[PDB]
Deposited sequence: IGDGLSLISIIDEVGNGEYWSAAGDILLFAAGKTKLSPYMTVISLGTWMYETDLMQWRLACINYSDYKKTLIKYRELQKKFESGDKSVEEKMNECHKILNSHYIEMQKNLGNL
């Protein structure tokens, strides 16, 4: 996860003074430091998502939406329905 350049951050506004994290325990940056490490970035933002993770989520949601739409018909296509759910775990197992 700690690669040479991913998740480093650049701060536009230079200023004196210590910028402490939300909880008060980590010093994010001070003394006109303008480039954050990946570790400091993750603490500043608090949440993160990887694009490759977002894509499995995105695939699973599409497969799921399709199985819901092709469902309302039969709720009134097995291989479709089961084809849709199979593709859904295939993504979910990859989350």
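- Residues 77-94 of the deposited sequence are the only ones with no C-alpha coordinates in the structure.
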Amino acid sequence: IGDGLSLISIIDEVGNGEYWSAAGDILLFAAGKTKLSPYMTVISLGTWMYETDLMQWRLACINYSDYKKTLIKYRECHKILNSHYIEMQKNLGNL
From here on, numbers count along this sequence of modelled residues.
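- Between the stretches 64-72 and 37-45, it is 64-72 that shows the larger average CA temperature factor.
- Between 80-88 and 19-27, it is 80-88 that carries the larger average Cα temperature factor according to the deposited entry.
- Per-chain ranking of the deposited C-alpha B factor places residue 5 in the middle third.
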